[PDB]
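Undergrad: an experimental structure, sequence included, is below.
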Amino acid sequence: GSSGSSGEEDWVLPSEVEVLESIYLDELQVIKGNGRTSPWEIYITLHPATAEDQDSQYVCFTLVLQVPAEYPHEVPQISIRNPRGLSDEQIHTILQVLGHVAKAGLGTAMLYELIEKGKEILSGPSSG
């Protein structure tokens, strides 16, 4: 039997987004949720800017981020929808890599970082 709570409700998640939007006005979408014990959702479109000469230049994936309530305390579950162009193996490699980055940026704004990787990963070395 334990209850009782009071104080100011703060949240960096919604504090950073305001800054991100300015940059990713449309590039990135954010579904506000009046920060009511509800996990925020963020979408974005990324493409590999490396495949120029090689074949199958067609490849894109929608990065979906679900920021829970704990956040930043908790890392946003990184998911991928409509994973086209990329293979099961690749897709996973994108979930694992990002997965960590999330924790590496705990305690403060991370959404920014996460997104960054979303690009780097897609891109790779030069081979022909």
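TA: Yep, that arrived. Numbers count the residues shown, from 1 in each chain.

Undergrad: pairing partners for the helix or strand residue 30 falls within, with directions?
TA: Element membership of residue 30, judged by DSSP states H and E, is strand 28-31. Counting by DSSP bridges, the strands paired with strand 28-31 are strand 40-46 (antiparallel).

Undergrad: give me the contact list for the partner strand.
TA: 13-14, 17, 24, 27-33, 60-67, 71, 76, 111, 115, 118-119, 122 (Cβ atoms under 8 Å, 6 or more residues apart in numbering). Just so you know, the C-beta spots here come from the backbone N, C-alpha and C atoms, and that holds for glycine as well.

Undergrad: are any of the residues you listed buried, and which?
TA: Neighbour-count burial (16 or more other Cβ atoms under 10 Å) applied to these gives 13, 17, 24, 28, 30, 61, 63-65, 67, 71, 76, 111, 115, 118, 122.

Undergrad: narrow the residues you listed to those in helices?
TA: Cross-referencing these against helices under DSSP state H gives 13, 17, 111, 115, 118, 122.

Undergrad: could I get the residues you listed as TSV with distance to residue 81?
TA: Listed next are those as TSV, based on distance: Cβ to Cβ, whole Å:
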residue	distance to residue 81
13	21
17	20
111	17
115	16
118	13
122	15
